[PDB]
Amino acid sequence: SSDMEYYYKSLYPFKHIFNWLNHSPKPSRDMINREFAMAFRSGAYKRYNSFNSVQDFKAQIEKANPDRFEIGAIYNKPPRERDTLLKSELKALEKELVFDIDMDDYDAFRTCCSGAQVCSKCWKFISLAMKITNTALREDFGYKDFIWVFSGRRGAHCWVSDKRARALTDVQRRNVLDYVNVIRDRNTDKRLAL
Amino acid sequence: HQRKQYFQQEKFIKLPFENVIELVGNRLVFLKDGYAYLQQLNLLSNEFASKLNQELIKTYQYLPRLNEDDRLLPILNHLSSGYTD
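So this is what it looks like as structure tokens:
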């Protein structure tokens, strides 16, 4: 807990996350009305959190001291005010389009690591995953502002922040997913027969 | 050869894939640089069928306002049931 508090105190870049999440130097509705979720060491999970500035971001995150926090979408109303609203009022409007890639689906083809282990040798699977995915987004969808972030142990998260990608609806996101997801059946005991 | 002949005469439509997602998921449409090359007649036929079905339901909703005129209903009944030395 002390290390995590210190990390949120002096090392995590709150300003850069706020600037990329707001998509404007001046704070805007992309940040005040965006949902945040904090996962605690005790296992508690609080949703609908939101921040109005970098300083409020810092104070709230340092005070709560969560082990990790996850980013939500942009809503029409401030999520932190959820208890004052009906359930039907909080409508999701925009979220950066994401992919999740993990080593879990490649354990049947790697011998350099068994179970929850990872090294440079097995990371080539994930590297080819980003290569193919990035080629697809750039050439076929025309997206430009996408960045990959290490998942912490053996995975990588994609974050497409293109203005077209943020505002895509659920069906359009599903269409892009099933476009990229050629291998819909992950079992190794049966022919794909693509 | 018949397929090649038909293809030589067939026009295609350039449009965003976002309007042709359903065809995209089934690899029915060729894509380049975010544009979809539509097999167009099947698309126009399906959109016509769906639109027609919606309008059919609308007219079925508004028909109890049409039953009031006497000159029409016998004709409609006859052409509806007509489907059956």
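Protein sequences, first through last, are from chains A and B.
With the numbering used here, the residue at position 64 of the first sequence is 49, and numbering never jumps.
Whatever position you read off the second sequence (first residue = 1), add 1 for the numbering used here.
For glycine and all other residues, C-beta sits at the position ideal for the given N, C-alpha and C.
query                                                                                                                                                        : result
Can you tell me whether A:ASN34 is buried or exposed, with buried defined as 16 or more other CB within 10 angstroms of its CB?                              : buried
Any Cβ of chain A within less than 9 angstroms of the Cβ of B:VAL25?                                                                                         : yes
Please report how far the alpha carbon of B:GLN55 lies from the alpha carbon of B:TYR61, in whole angstroms.                                                 : 10 angstroms
Quick check: what's the CA-CA separation for A:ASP68 versus A:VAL145?                                                                                        : 31 angstroms
Can you tell me whether A:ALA150 is buried or exposed, with buried defined as 16 or more other CB within 10 angstroms of its CB?                             : buried
CA-CA distance, B:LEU24 and B:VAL30?                                                                                                                         : 6 angstroms
Could you please give me the residues that DSSP links to A:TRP133 through a beta bridge?                                                                     : A:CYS143
By the DSSP assignment, the beta strand (DSSP E) with A:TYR30 in it spans what residues?                                                                     : 30 to 34
Can you give me the C-alpha to C-alpha distance between A:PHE3 and A:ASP163, rounded to a whole angstrom?                                                    : 31 angstroms
Quick one: any contact between the stretch 122 to 141 of chain A and the stretch 26 to 44 of chain A, if contact means 3 or more CB pairs under 8 angstroms? : no
Just the C-alpha distance for A:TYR30 and A:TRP5, rounded to the nearest angstrom, thanks.                                                                   : 24 angstroms
Closer than 7 angstroms by beta-carbon distance: list the chain A residues that pair up with B:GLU48, in chain order.                                        : Correct list: empty, because the minimum Cβ distance to chain A is about 17 angstroms.
So if I threshold CB-CB distances at 8 angstroms, which residues from the stretch 123 to 153 of chain A count as touching chain B?                           : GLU124, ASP125, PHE126 and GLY127
Could you check where the beta strand (DSSP E) with A:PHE21 kicks off and where it finishes?                                                                 : 19 to 24
Out of curiosity, what's the CA-to-CA distance linking A:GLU66 and A:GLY57?                                                                                  : 15 angstroms
Is the number of C-beta pairs between the stretch 32 to 43 of chain B and the stretch 7 to 15 of chain B that are closer than 8 angstroms three or more?     : yes
Return the CA-CA distance between A:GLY140 and A:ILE117, expressed in angstroms with no decimal places.                                                      : 15 angstroms
What are the boundary residues of the beta strand (DSSP E) that A:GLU79 is part of?                                                                          : 77 to 79
Any residues in the stretch 4 to 26 of chain B with a beta carbon nearer than 7 angstroms to a beta carbon of chain A? Which ones, in chain order?           : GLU19, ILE22, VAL25 and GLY26
Do A:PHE84 and A:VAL165 have their C-beta atoms closer together than 9 angstroms?                                                                            : yes
On the CB-based measure, 16 or more other CB atoms within 10 Å of its CB, does B:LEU53 come out buried or exposed?                                           : exposed
Tell me the DSSP secondary structure of A:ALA58 in three-state form.                                                                                         : strand
Taking C-beta pairs closer than 7 angstroms, name the residues in chain B that A:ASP163 reaches, listed in chain order.                                      : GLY26
My output table needs one value for A:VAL156: the three-state DSSP class, helix, strand or coil.                                                             : helix
Can you give me the C-alpha to C-alpha distance between A:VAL39 and A:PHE94, rounded to a whole angstrom?                                                    : 44 angstroms
By DSSP, does A:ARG14 sit in helix, in strand, or in coil?                                                                                                   : helix
Would you kindly work out how many angstroms separate the C-alpha atoms of residue 190 of chain A and B:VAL21, rounded to a whole number?                    : Here chain A comprises residues numbered -14 to 179, so residue 190 of chain A is not present and cannot be evaluated.
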